[PDB]
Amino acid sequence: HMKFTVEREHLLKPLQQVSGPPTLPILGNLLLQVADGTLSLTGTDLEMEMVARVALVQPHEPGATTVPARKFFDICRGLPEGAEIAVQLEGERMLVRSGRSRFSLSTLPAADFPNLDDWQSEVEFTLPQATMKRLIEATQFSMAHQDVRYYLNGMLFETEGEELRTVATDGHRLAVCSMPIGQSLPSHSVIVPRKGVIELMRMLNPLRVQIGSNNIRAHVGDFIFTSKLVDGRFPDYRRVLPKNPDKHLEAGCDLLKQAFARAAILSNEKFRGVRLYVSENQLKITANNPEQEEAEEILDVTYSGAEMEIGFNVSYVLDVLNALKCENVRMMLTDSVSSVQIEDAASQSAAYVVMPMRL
């Protein structure tokens, strides 16, 4: 039977990260395995799995079992600062002891725990965790949610030359972010599901990424996250990027954001439509709703192109301005019926393309 004794602080983050992700009963448990001075904790939902390794300095006995994830983490979290958690399997119940606190948890067999089927890595590289955080943070909001086009319910991860690129779209708006990682990579493109993007974001020391034909893996410290890839064809985002955006507007990121936020109050609650009128060094934003109420904002911008009018869903514009987090923004327009490319005025790493509304 299994047995181990460990500090509370050495078990918290390992349990918290593994318990992150109930349909069938064993998916609500964590598979615990003691072997050769190492405690391995494993959580899964069948699509993805998080493995954490904790080294055992005190005496232990090997074995394996599964225990309720949330209750075992809450027990360890609830124990005092600096507590020594003695764990041992007694028949069909795992016993957790610390001081004068005793907990008898129910178990399900370790043999019944589901494991992701083995696969072989095709692409492999390393990068800082902040670079991966920036890549996901910059495009996560543009992913679709419960879209019938299942391939849009996720983020495209693409390697080319010495850059790792993330792409996310829902058919109305698109987000791209490219970052150089300083390693020669092969040309590979995969769709990570939106649940896996959230877990990959939750665990960000270097980060090692291994990508296969149907799976992706991420190694952060003593944690190993694995997720199935979405088996579909992602749209050719290069075909969508504005080809010749002749009209260039430049304005303050915050002033433009606060104006769209104010105009949105009196926009249609269902369609969220705002009208942009660009003229020599000026932008007028107008919003109308079925109650015949109107919001109007006039801003000082930098614009020397021809005068034009264009409609937009104000939420999609605000999402891009909230994501950029910069001093100034660059809106690159074409005509009233074509998309707009929005970027930071000081950086080309992240670009956003929004399709307009016929208004």
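Heads up: residue numbers just count along the shown sequence, starting at 1. Throughout, rigid core stands for the largest set of C-alpha atoms superposing within 1.5 Å between the two forms.
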{"query": "Stretch with larger C-alpha RMS deviation in 7 other deposited structures of this protein, core superposed, 41 to 49 versus 289 to 297", "finding": "289 to 297"}
{"query": "Rigid core superposition result in 7 other deposited structures of this protein, more deviant of 101 to 109, 230 to 238 by Cα", "finding": "230 to 238"}
{"query": "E84 preceded by how many uncoordinated deposited residues after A83", "finding": "none"}
{"query": "Where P21 meets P22 in the shown sequence, the number of deposited residues left unmodelled", "finding": "4 to 9"}
{"query": "Stretch with the greater mean C-alpha B-factor as recorded in the entry, comparing 319 to 327 against 26 to 34", "finding": "26 to 34"}
{"query": "258 to 266 versus 218 to 226 - which carries the larger mean C-alpha B factor in the record", "finding": "218 to 226"}
{"query": "Among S98, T126, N288, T139 - the residue whose C-alpha B-factor is largest in the record", "finding": "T126"}
{"query": "Of the residues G78, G171, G161, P193, the one carrying the largest Cα B-factor as recorded", "finding": "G161"}
{"query": "Entry-reported Cα temperature factor of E9, expressed as the chain third it lands in", "finding": "highest"}
{"query": "Third of the chain, ranked by Cα B-factor, where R102 sits", "finding": "lowest"}
{"query": "Assigned third (lowest, middle, highest) for the C-alpha B factor of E122", "finding": "highest"}
{"query": "Chain third (lowest, middle, highest) by recorded CA B-factor, residue given as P206", "finding": "highest"}
{"query": "Modelled-residue ranking by C-alpha temperature factor, third containing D147", "finding": "middle"}
